[PDB]
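Chains as they are written, first to last, in this note's numbering: chain A, 1 to 28; chain B, 29 to 56; chain C, 57 to 84; chain D, 85 to 112.
Below is one structure; the comments refer to it alone.
4 protein chains.
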Amino acid sequence: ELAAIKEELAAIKXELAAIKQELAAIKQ
Amino acid sequence: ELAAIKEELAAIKXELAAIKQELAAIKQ
Amino acid sequence: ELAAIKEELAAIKXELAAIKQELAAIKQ
Amino acid sequence: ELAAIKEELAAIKXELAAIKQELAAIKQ
Ligand SMILES: [Cu+2]
Ligand SMILES: [Cu+2]
Numbered sequence: 001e002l003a004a005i006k007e008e009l010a011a012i013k014x015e016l017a018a019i020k021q022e023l024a025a026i027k028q
Numbered sequence: 029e030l031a032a033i034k035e036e037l038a039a040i041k042x043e044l045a046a047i048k049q050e051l052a053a054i055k056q
Numbered sequence: 057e058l059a060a061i062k063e064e065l066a067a068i069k070x071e072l073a074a075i076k077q078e079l080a081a082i083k084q
Numbered sequence: 085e086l087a088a089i090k091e092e093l094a095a096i097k098x099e100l101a102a103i104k105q106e107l108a109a110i111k112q
C-alpha cells in the first residue's frame, strides 16, 4: 500500500510541474 | 487507511490533469 | 501522523476547489 | 514513512496555494 501511495505522489508532482510550466509560459 | 489515501491521491491526480488541460485550452 | 495526513489532504481539496473557481472565471 | 508523506502532502498543498495565487494574478 505504501509503494502505491508513493507512486500516486510522484504522478501528482509531474502534474504540478506541468501546471507550473503552463503558468510560467502564460506569464513571461 | 493507506488504500483509502491512495484513492484520494489518485483523484487529486486526475483533478490536476483536468486543471492542466484547461489551462492549455485557455492559453491556445 | 495519520490524522495529520488527512488534514493535509482536506487542505489540498480546498486549494483544488479554489483553483477550479479561478479557472472558471478565467475561462469565462 | 508516514511523516515523510505528510511533508510531501504539505509541500503539494503549498504548490497548489502558489498556483491559486498565480491564477488570481492571471485573472486580474
Ligand atoms: Cu490494497
Ligand atoms: Cu499565505
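A virtual CB, placed ideally from N, CA and C, is assigned to each residue, including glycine.
Distance cut-off 6 Å: residue 8 of chain A Cβ against heavy atoms of ligand 1: Sequence index remark: in the first sequence, residue 8 of chain A carries index 8 (1-based). Incorrect: residue 8 of chain A has no Cβ contact closer than 6 Å to ligand 1.
Cut-off 7 Å between Cβ atoms - residues of its own chain near residue 93 of chain D, not counting five sequence neighbours on either side: By 1-based counting over the fourth sequence, the position of residue 93 of chain D is 9. For residue 93 of chain D, where only same-chain residues beyond five positions count, there are no Cβ hits under 7 Å.
Inter-residue spacing [alpha-carbon to alpha-carbon] between residue 112 of chain D and residue 83 of chain C: Translated into the one-based positions of the fourth sequence, residue 112 of chain D becomes position 28. Translated into the one-based positions of the third sequence, residue 83 of chain C becomes position 27. Whole-angstrom Cα-Cα distance: 13 Å.
Residue-chain proximity (residue 73 of chain C, chain D), Cβ-Cβ < 7 Å: For the purposes of this step, residue 73 of chain C is taken as residue 17 along the third sequence, with counting starting at 1. Chain D, which has no Cβ nearer than 7 Å to the Cβ of residue 73 of chain C, makes this no.
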